[PDB]
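**Q**
Protein chains: 2
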Amino acid sequence: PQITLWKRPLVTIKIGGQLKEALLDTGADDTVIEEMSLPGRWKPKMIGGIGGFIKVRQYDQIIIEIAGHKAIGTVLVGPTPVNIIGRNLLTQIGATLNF
Amino acid sequence: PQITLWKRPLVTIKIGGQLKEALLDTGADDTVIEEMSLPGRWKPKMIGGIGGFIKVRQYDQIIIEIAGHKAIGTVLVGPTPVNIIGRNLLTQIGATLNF
Ligand SMILES: CCCC[C@H](NC(=O)[C@H](C)NC(=O)[C@H](CCC(=O)O)NC(=O)[C@H](Cc1ccccc1)NC[C@H](CC(C)C)NC(=O)[C@@H](NC(=O)[C@@H](N)CCCNC(N)=[NH2+])C(C)C)C(N)=O
Ligand SMILES: [Cl-]
Ligand SMILES: [Cl-]
Ligand code: NA
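Structure representation (structure tokens):
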């Protein structure tokens with residue numbers, strides 16, 4: 001699909017059996033989701049952006065469905081104000097910026 | 001052009017006759033650049049990101065070139081970790097996300 005940017009590029013995702021809304025963020029290296037449980041092992045991480053840093057849990061090899069497209073990758077879980085799909089999974093769905 | 005996301009989508013911008021690097025950010029409502037001098041009056045804004053809120057200076061109707069494409073619009077100046085081009089100017093250069 002082609003998403004214009006007049007409004008926030010929000011899509012439905014499916015992660016850990018749950019449907020969530022998330023923002024497609026080309027300015028995000030990583031994917032970060034609000035607090036939830038995910039299976040498997042995790043390790044602590046700090047991620048930063050505007051306003052400074054937050055502590056998250058890093059889960060690897062997590063499968064996710066993004067607007068109907070399946071991908072696998074690292075998912076960070078923590079007190080993010082918005083669910084964000086970052087470049088590590090945008091690539092897997094073949095997303096590009098075009099102008 | 002068409003930009004894939006395996007690396008950060010960094011472009012050159014030109015503002016106040018100076019060249020700078022900036023990140024195309026579909027997850028940003030607004031354009032935010034590091035401390036610099038811009039003409040005219042400014043107004044206060046608070047913007048939030050992953051780690052909380054920062055105060056910025058809002059300048060309207062600023063001429064800026066982005067990857068060779070001319071835009072004229074609002075630029076926020078403040079303690080951002082990286083220069084970001086947000087949706088307010090990505091729409092002016094006709095950018096879309098595609099997958
Ligand atoms: C009346 C006026 C109000 C308007 C004002 N609007 C905002 O605050 C809006 C929602 N904020 C945003 O749109 C801001 C950008 C700033 C701006 O646009 O103004 N967006 C953002 O900050 C979005 C995510 C987000 C989106 C919506 C809400 C919250 C967060 N992330 C953009 C941000 C760019 C970064 C490189 C500086 N990316 C990130 O923060 C990601 N970080 C990374 O990718 C890091 N690994 C990069 C390392 C950089 N440096 C370092 N470590 N030293 C993170 C998600 C993993 C408000 N107060 O609501
Ligand atoms: Cl990954
Ligand atoms: Cl590709
Ligand atoms: Na895992």
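Listed in order, the protein sequences are those of chains A and B. Mapping of the first sequence onto PDB author numbering: position 78 corresponds to residue 78, and the numbering continues sequentially without gaps. Mapping of the second sequence onto PDB author numbering: position 28 corresponds to residue 28, and the numbering continues sequentially without gaps. The C-beta atom is built at its ideal place from N, Cα and C for all residues, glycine as well.
For the pair the stretch 51–70 of chain A and the stretch 63–70 of chain B, tell me if three or more CB-CB distances fall below 8 Å.
**A** At 8 Å Cβ cutoff, the stretches do not touch.
**Q** For a test of your reading of the model: does the CB of A:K7 fall under 6 Å from any non-hydrogen atom of ligand 1? Yes or no.
**A** No.
**Q** Tell me the rounded alpha-carbon separation between A:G86 and B:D25.
**A** Approximately 10 Å between the Cα atoms of the pair.
**Q** On the DSSP bridge assignment, give the partners of B:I62 in chain order.
**A** Per DSSP, B:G73.
**Q** Identify whether B:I50 lies in helix, strand or coil by the three-state DSSP scheme.
**A** In the structure shown, B:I50 sits in coil (DSSP, three-state: anything other than H, G, I, E or B).
**Q** If you reduce the DSSP assignment to three classes, tell me which class B:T4 lands in.
**A** In this structure, B:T4 counts as coil in the three-state DSSP scheme.
**Q** Taking the alpha-carbon of B:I50 as reference, which of A:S37, A:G40 and A:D29 has the nearest alpha-carbon?
**A** The residue with the shortest Cα to Cα distance from B:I50 is A:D29.
**Q** Please classify B:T4 as buried or exposed, where buried requires at least 16 other C-beta atoms within 10 Å of its C-beta.
**A** Classification of B:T4: exposed, given that the 10 Å Cβ count is below 16.
**Q** Would you mind sorting A:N83 into buried or exposed? The rule is 16 or more other CB atoms within 10 Å of its CB.
**A** When all chains shown are included, A:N83 counts as buried.
**Q** Would you please verify whether the beta carbon of A:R87 is less than 7 Å from any beta carbon of chain B?
**A** With 7 Å as the cut-off, A:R87 counts as an interface residue toward chain B.
**Q** Could you please tell me which residues of the stretch 22–35 of chain B, in chain order, have their CB closer than 8 Å to any CB of chain A?
**A** The residues in question are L23, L24, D25, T26, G27, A28, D29 and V32.
**Q** With B:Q58 and B:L38 assumed to form a contact (beta carbons below 8 Å), what rounded beta-carbon distance in angstroms separates them?
**A** So it is not a contact: roughly 10 Å between Cβ atoms.
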